[PDB]
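Only one chain is shown below, in structure tokens, and it's the form deposited without the partner chain.
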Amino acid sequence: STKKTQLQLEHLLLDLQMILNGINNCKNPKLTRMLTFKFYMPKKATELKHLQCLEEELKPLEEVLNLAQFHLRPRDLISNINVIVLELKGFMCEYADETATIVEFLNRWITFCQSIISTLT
């Protein structure tokens, strides 16, 4: 049961890294524009239930990805992430006051994933 949970988080980790790596390969003027979009960050993210904070931001994530343009369709990878987040989290999300770019948003959730995987090894 703990192994199944770990596997899901690892798939989530790799999905998120995929988006970040895809974004990091955008051309600089396009990327500059993409970094103007605001993403909302959890006040605290240490537990699986805090993934609610990720779930709520998945639609804006999908939109920004759609607005940029690839071998992957945004609706497919976001759907995969959605399924995993929904099955993992199984509470109202508390948001931090300061917003973030798509990059720092992705970095934060990548770090969350890696932190939780580390408690399951």
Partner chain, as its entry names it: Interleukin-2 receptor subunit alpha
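Numbering follows the first chain given and starts at 1.
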item: Count class of deposited residues lacking coordinates, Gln69 to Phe70; value: 1 to 3
item: Sequence continuity check, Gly90 and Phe91 (deposited residues unmodelled); value: 4 to 9
item: Entry-level comparison of average CA B-factors, 29 to 37 and 71 to 79, reporting the higher stretch; value: 71 to 79
item: Which of 53 to 61 and 40 to 48 has higher mean CA B factor, as the PDB entry lists it; value: 40 to 48
item: Assigned third (lowest, middle, highest) for the C-alpha B factor of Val85; value: middle
item: Entry-reported Cα temperature factor of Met18, expressed as the chain third it lands in; value: middle
item: CA B-factor ranking of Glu10, expressed as a third of its chain; value: lowest
item: Where the record places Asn107 (Cα B-factor, split into thirds across the chain); value: middle
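In what follows, reference is made to the form deposited with the partner chain bound, a form of this protein that is not presented.
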| query | finding |
| --- | --- |
| In the deposited complex, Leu48 touching the partner chain (heavy atom, 4.5 Å) | no |
| Contacts with the partner chain in the deposited complex - residues in 91 to 109 whose heavy atoms fall within 4.5 Å | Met92, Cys93, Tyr95 |
